[PDB]
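Residue numbers (the authors' numbering), protein chains in the order written: chain D, 518 to 554, 569 to 664; chain F, 518 to 557, 566 to 664; chain B, 518 to 558, 566 to 664; chain C, 31 to 135, 150 to 309, 312 to 321, 321A, 322 to 354, 356 to 395, 413 to 464, 464A, 465 to 507; chain A, 31 to 139, 150 to 309, 312 to 322, 322A, 323 to 354, 356 to 395, 413 to 464, 464A, 465 to 507; chain E, 31 to 59, 64 to 138, 150 to 309, 312 to 321, 321A, 322 to 354, 356 to 395, 413 to 464, 464A, 465 to 507; chain L, 2 to 113; chain H, 1 to 52, 52A to 52C, 53 to 65, 68 to 82, 82A to 82C, 83 to 100, 100A to 100R, 101 to 118. Quick reminder that beta carbons are idealized off the backbone N, C-alpha and C, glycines included.
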Amino acid sequence: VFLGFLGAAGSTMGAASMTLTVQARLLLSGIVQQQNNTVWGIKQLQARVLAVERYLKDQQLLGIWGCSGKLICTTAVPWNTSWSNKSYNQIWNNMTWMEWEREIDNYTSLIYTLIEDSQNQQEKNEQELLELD
Amino acid sequence: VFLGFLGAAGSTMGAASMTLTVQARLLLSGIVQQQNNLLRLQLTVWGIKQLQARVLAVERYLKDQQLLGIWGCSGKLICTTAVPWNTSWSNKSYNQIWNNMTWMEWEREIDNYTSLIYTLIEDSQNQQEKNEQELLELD
Amino acid sequence: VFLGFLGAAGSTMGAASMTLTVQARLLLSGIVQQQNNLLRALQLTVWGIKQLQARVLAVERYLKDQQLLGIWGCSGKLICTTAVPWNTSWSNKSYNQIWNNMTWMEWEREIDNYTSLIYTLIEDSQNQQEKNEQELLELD
Amino acid sequence: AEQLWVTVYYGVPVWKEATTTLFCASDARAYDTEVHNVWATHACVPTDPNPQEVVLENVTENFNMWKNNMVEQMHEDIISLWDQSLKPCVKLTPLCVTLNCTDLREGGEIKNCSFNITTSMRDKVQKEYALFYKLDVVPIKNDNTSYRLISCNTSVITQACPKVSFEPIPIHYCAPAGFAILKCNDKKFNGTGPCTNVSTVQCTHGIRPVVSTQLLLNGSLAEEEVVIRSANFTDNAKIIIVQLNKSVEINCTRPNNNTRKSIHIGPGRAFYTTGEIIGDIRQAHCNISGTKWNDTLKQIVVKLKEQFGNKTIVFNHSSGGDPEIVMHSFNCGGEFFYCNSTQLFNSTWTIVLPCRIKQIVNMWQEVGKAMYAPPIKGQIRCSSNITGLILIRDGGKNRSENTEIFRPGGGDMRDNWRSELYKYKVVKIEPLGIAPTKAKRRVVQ
Amino acid sequence: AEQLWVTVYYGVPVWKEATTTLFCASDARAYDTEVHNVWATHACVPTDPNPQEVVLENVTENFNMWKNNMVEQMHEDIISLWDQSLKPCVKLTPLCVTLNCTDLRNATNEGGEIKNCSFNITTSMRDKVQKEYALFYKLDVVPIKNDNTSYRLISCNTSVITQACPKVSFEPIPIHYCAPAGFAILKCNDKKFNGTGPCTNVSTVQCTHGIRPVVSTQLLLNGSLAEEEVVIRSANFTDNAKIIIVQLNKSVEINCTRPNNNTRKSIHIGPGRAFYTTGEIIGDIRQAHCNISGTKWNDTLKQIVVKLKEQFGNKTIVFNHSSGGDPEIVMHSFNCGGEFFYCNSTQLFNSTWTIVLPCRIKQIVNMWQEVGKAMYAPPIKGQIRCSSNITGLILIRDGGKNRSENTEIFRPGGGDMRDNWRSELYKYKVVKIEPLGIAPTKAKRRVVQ
Amino acid sequence: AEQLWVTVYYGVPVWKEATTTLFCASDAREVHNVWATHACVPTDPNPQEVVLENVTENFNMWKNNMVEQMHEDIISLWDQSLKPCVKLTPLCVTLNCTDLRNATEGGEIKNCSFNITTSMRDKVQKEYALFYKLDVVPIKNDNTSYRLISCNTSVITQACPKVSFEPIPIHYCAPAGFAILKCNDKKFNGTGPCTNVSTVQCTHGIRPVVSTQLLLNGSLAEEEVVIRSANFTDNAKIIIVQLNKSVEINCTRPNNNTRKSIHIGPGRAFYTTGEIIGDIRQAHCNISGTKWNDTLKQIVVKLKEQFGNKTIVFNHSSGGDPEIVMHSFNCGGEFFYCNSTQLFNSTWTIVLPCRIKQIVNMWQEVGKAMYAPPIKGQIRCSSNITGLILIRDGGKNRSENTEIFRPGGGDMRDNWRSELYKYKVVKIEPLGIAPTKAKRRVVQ
Amino acid sequence: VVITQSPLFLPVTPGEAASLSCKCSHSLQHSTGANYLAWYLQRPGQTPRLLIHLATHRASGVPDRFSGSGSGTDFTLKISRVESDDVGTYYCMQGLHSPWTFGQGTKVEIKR
Amino acid sequence: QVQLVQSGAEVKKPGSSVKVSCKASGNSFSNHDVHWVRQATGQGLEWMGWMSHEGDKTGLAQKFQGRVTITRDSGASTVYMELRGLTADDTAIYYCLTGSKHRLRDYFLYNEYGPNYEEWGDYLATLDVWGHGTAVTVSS
Ligand SMILES: *[C@@H]1O[C@H](CO)[C@@H](O[C@@H]2O[C@H](CO)[C@@H](O)[C@H](O)[C@H]2NC(C)=O)[C@H](O)[C@H]1NC(C)=O
Ligand SMILES: *[C@@H]1O[C@H](CO)[C@@H](O)[C@H](O)[C@H]1NC(C)=O
């Protein structure tokens, strides 16, 4: 038994690998209580609409980030040229995901830029060449 | 030609594979009727219900698409990563059901084993397969 | 460039096909809605009501076309090849003549009377082939 | 044993019962009746001129007409839609004032009464005259035969908004996306157990229900013979609904030419009441095609015997009670007439049925917000036809088979609406599922 | 013959006419205030300071200055916002009561247009009667026969909201509009476009410029100017059933004033509900007025008249005096600070081919040219000044059953927000973007089975 | 370095504080209780524990936008329930009052005659109704006549008595994409990381407390009474005490009989007190003295620990207005007032005398009272004390052993915090990069 | 309410002032304000004459010999410089809300 | 000055009756109230009763309740005072009111739809100097 949104929170990148499929199975909701019918008369839909946008935004974004719908792939963007000098072993074995993710607040825009230019558009440029023949 | 929507219910389990594209159209069917409301505030009983219906149809569709996405099945009519299973549930042959009876009969039971089904659904989320893939990318 | 909706309107496909892959980057305008959605709420006014309705409708259109790519065996592709012959969808003009002179907004006019074939022929025959091949592969 | 994998790709359409929401559609035009909120009031979509239907060769399905709960949802919506149309329109609470009158130029059903109201300027009180019905007032002692509004001391006092007529519009439903309609498409089905010509239906039929009691008018007809259905007529706790295979003409007129007068209720308000009568004052009645009615009585009588073993003499007149259970009725153009139906059945086995109008009514036979129905000048004609009726046995009968007496009944509008839903179910479709097949395993490493 | 297959990448420039909805895009300033209309821009989405605009190149597109949806939807949205604004405000049925009115007083240190009116009115307690005292304008009241010319509320016969709410009402500001995703805005551009048919300089628009849904009657204020010359447009300028709008290529100076005054006395009628009283005039009593040079009027009117003579066939037809109409039509109104000015336009219209227009002010108005209910503008403390915003003119036309075609009087009309806003909005069109990556060509799919 | 290529793996959590809208949820099944009003989402039949074994999380008891949201909702619900109902102003008109005679004490209960102008336009009928000591405005130039206190600039009435409220343990919870985390960290100081954090699928049901000083019929502390504040040295703050063990209260009715009403119009009625059976002075609340005193002993000890000395925490009188002096309560929806300074007197079985007030100021920013309809039959109320809110200020000290803690108060928001103090609603978010030495098996 | 007018007889030295009074044993006022004061005189051979003194109101023709005021249970009328011309019976009027009647009558005469 | 007309002096037997006709010259009575009194020789005045020109009437002194009836000629603007049961003690000079009453009210009450529950009809506005008046006596 894995806890998805919970439990996995205490894991390292390596240890957390076992639960990645679990929060993914749990994303947003089980929607049962929403299908089985105050401000909520309006806000219920506003909440559902926004949940939908987050869902789709992330799937479309993953496509920008190369792979979407088939787990996750790596791209030709070296992590360490837009990052700090902590060892990847600290990251994979001796650090949990949330600490690492907090460090990213000052690097997230560097990677988004690299992704739009490379993981997204240059991979597409290379894909166009492959599909030539 | 084809029978039309829910045409599969009129035939056998094997025959029913003939509707996989019909049902994909069934998901989209009704989008094509809603635009005529947009051609005529709107915060009334029918207005709210049709908006709710549009939102709910999407929510359900996305949940099914997400599950296919979990498996990596999405994008194909037939996807496959066979998962051997606890065939204590059924000792029927495949032809006994596939070429013999309607899937509507098949589906009459099934939920009695929904937990067997979910166990397989959980294993089917590339629970181990994802590791084999990571290892190949690495080495 | 962003040629396609953003300026390919002035040229035909025989030439436009050289740049119309770039349209994949206009999808980032959908991503940007995540910033627009940071707007606080608290009761909705006229605009708030219409904007939420608009988001739902945009989603249905998005999904309609993504669902078709799935149906057509074109998911995740810029161009997928569905091997559908002219059949009865042909206007009396060569495709080479058409592409060189394929103003998109003139060309679609032929399609207006052939669209039922475009969708029927692709969705039906593409899946018949894929379904059969995939079922056979599962067995060997 | 070969390696199996149990799965079905999305697209094998498992049926689950639908629980909610219908898609309203109609043969829409820029009608003044949409502008005037006559029946449909807002988002009913222009429909599909060619709805599709699929017959399923191997499908039959259990159906129970009293489980057609989608009807409840529709009735609740018509109430809500009209409730919205009526707000804040025509509040008539300030008009409960007394009326003084004895007659008008049969008995004095309608009287010419004097009264004063204030409003429409707080500096003045103004006396005026209008016509009132005995059916809508309560007598007061010691003041030239005084009356008060019958609704004066109860609930909510309102009026139908004057621009709004209430002509039934045949709006239909096509169900929301992800849903479909399953129709029986057969004959001589009893409303229970399986039906057999099952088909997928995109849309069904428009309905034109009216406020009525004992009578079902302008609905659908039976294919060959009158059809009698009840969830279970074994009990006198259930109700019998009768569908005719032939309609019978209904023909009422005002039958005189009235006028309308204003009611100055307040600033910006709609202002109307009942005015003068042009020409002679005459009594309303419907001229009913009795010959056709009598043929239907013969068929009804036969079906009330065929379904009832060896019972012989059946059916008789009503037990009495309020007009809502006793008289047949029709809101003709929003005119709520009640007619004495006795001539249609004063026995056991041309008709002219006198009519009266109740102007203040609960059009939903509940809620309590009874509304006044103002007239429009001149005489009108109410052209319509009988398509069915409501009956039930009393159970207070003696112990012989010689007689079994059913009397005219009544019910909720949703109980009559089920007669359309009688032939179909709304189904939720969930196409993803499982089934064992020989299948190759994908091995990555 | 090579055999075929179908599909291209979508994003092909194929579109259809859009359904109409407008996505409100804010100026990112609206959130800093406490008033209505701006609040609707507060409850809106701030947009990108540098929007994308892309030329379609060798393309024409059909634009119609007198057609389809975009302004009509703005019309309805504004009304709905207007009603949301006033719904919470008081109706005061008792305000209709007749008051004893005498002329407005001042220090002893024009006619009796403003009067001192009073009455004994029942208050929030049903057995208590209070003295009502307030200033009123003749334009807002009706004299009573055989009662010392006492006065009643002029709008009493209809539904009246007897409060605009002093902490709510305010002039509208420009809102940008965006197409929803899946839609796009096209704009004609095209210097001196005729208003109908194909537009040759069309570009794709990532939201419109800000369009300010502000009110004036007949005369267009606070909009945009013509690129070079006045732009004179009608669906059919020779069709006397149509009316012509003129855009200016130069703005016209406007200097309108209304003298300093106070507000006072919230008078409760109901349980937390009151009438807010017009206070005293501070200093001398004078009417509102507008000061505009004839140079600017003549320079623009001359160009306009010459162009009309040319459009109609080198005729001797001219700009000329108005036929009149309801007072709200005869006078050309505007809203400054929430005050409603009605200026006597005959200063400009009584002409053929330091001008000061007296202006009246009125408290009871309908919104725009809508009918049914009415509401009033609460008194505004301080003084009102309006300036430098004439950007377009007035819709003009004539008829005539005379045998001679030598003369024609182009007389004014408009003030209908659909027509007024349409005169600028029409530059934009909204289309549906269909990602139809569809096209037959040669070759086959690399299929194994 | 190695080919430390970028991948994006998520499916492991990250989160942010939520600013979303939560919904009403309960054991949903006519609603005559405003807290639900008419509808509520069905509850979770299987809440899970789910523990974040290696994770601590930073909680703050006094920083919670969801309690604020609960306030927005209680106000909305109060108004939604009576919004379509009857508002009455004829009642502003005065009454002729006299002391009530009971069967054979000041003019605490009065029999008052009101002139009724309702039902028909040409008639006015005087009639009697009964009113309590917490009366309306006396007339300065008359003899024992009164005008309505709630008139002036407001209209206050029980617009539709069929629906009212008694606190119901209705819970609420997060929409899709949101989750609730809770502290299982015992004796948490109210600020900073919680040692043991676990899931909340939905919250515990909450029964609102609408009054000051005491917190009744809520949840209890484990082991010992818990005293907390945003700042314990800042006298501007109120310190809240959760009890570990509750104190029993049993209240008794002044009478057992009926109510009367004025016909205003066709669907409009106004209720006042009707005939009285019994000695009306008997209304009272029976509270165990011993348990209250033992409860205070534990509170006093915890307070001493918080100053680090053998302090005196004196119950000096507070309030200055009965609505903030007495823990009044809406038993049956009607407000009872007794003597909170009798139960907790100037210290550091008790039977409190009680009174009834129908017009009681709401927590709503409008500054208007809610009117409680009279209740027919009899009043019986029971609950246990589950907490106490205390205040100390003024600088009246001069000794390390002296403090003045007496019953205080705050908002409904602050009373609701008792449950919300244990949890936070967070937004579920995707993650970023999971970089490694791998390279994609690219064909391109 | 009742009304009396002490002393009911005032023989005077001509030129001497008279002081007349009203007692009603009821608190009178206009219910809307000031008390209602009125008085009338009937000289021998005459019908009544008015001496209203309604705070600010007097009948036209009343000389400055006459003035008065009051409220509640009583009021007075003073006549300065009483002459033989003023001989007659002085009546004090009641308030107007009980409803009203008339005075008692006080004789003023010149002393013999 | 309006000439005030009254019936001339009369003597009746005990238990009898007389009618006093009070015509206002110029018909001023149409705008004035009438209230009528008795002044016995050597006595003050008492009202028997009152009537407005508007038709609002009542007796006043509770001794004439069945002794005096008051009516009017609305055309001739003449009021008739009919005295019955005349005895020796009824010898007096009788006078009609001059001057006026206003419809004073001092109890205001309105409901939400504005019905009027006001208390009114108090306050004499002016005082009544009449003309000679007329003697009525009784003898035998
Ligand atoms: C407002 O107050 C004035 C006060 O003068 C009312 O006018 C009448 O004044 C005369 C003067 O003798 C009184 O006798 C009347 O009784 C007054 N009328 C009333 C109703 O009191 C005036 O009518 C008042 N207006 C209203 C609407 O009450
Ligand atoms: C008008 O109202 C008065 C109130 O007393 C009543 O007497 C009169 O009869 C009313 N008029 C009518 C026509 O009823």
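Interface residues of chain E facing residue i [CB-CB closer than 8 Å]
{"i": "A/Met-100", "result": "Those within 8 Å of A/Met-100 in chain E number zero; the least Cβ separation is about 33 Å."}
{"i": "A/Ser-164", "result": "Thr-123, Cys-126, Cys-196, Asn-197, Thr-198"}
{"i": "F/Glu-662", "result": "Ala-501, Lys-502, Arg-503, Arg-504"}
Interface partners of residue i on chain F, CB under 8 Å
{"i": "A/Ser-110", "result": "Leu-566"}
Start and end residues, beta strand (DSSP E) containing residue i
{"i": "C/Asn-94", "result": "91-94"}
{"i": "C/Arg-192", "result": "190-193"}
{"i": "E/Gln-287", "result": "284-297"}
Neighbour list for residue i in chain A, Cβ cutoff strictly below 7 Å
{"i": "H/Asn-100L", "result": "Under the 7 Å cutoff, chain A gives no residues; its nearest Cβ is about 10 Å from H/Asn-100L."}
{"i": "B/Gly-531", "result": "Per Cβ cutoff of 7 Å: no residues; B/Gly-531 is ~10 Å from chain A at best."}
Same chain, Cβ closer than 8 Å to residue i, five either side skipped, listed in chain order
{"i": "A/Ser-56", "result": "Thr-71, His-72, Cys-74, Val-75, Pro-76, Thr-77, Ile-215, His-216"}
{"i": "E/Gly-441", "result": "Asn-301, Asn-302, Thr-303"}
{"i": "C/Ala-266", "result": "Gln-287, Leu-288, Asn-289"}
Between the CA atoms of residue j and residue i - distance to the nearest angstrom
{"i": "H/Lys-54", "j": "H/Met-80", "result": "13 Å"}
Cross-chain neighbours of residue i in chain F, by beta carbon under 7 Å
{"i": "E/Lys-117", "result": "The contacting residues do not exist; E/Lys-117 stays about 17 Å from chain F at best."}
9 Å Cβ cut-off: residues of chain F touching residue i
{"i": "A/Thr-49", "result": "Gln-552, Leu-555, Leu-556"}
Extent of the continuous alpha helix (DSSP H) to which residue i belongs
{"i": "C/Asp-113", "result": "100-115"}
{"i": "C/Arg-480", "result": "475-483"}
{"i": "A/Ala-174", "result": "No alpha helix (DSSP H) contains A/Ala-174, which is instead part of the beta strand (DSSP E) from 169-177."}
{"i": "A/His-72", "result": "69-72"}
Buried or exposed by the 16-neighbour rule on C-beta atoms within 10 Å, applied to residue i
{"i": "C/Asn-339", "result": "exposed"}
{"i": "C/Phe-383", "result": "buried"}
{"i": "E/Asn-98", "result": "buried"}
Cut-off 6 Å between Cβ atoms - residues of its own chain near residue i, not counting five sequence neighbours on either side
{"i": "E/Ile-184", "result": "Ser-190"}
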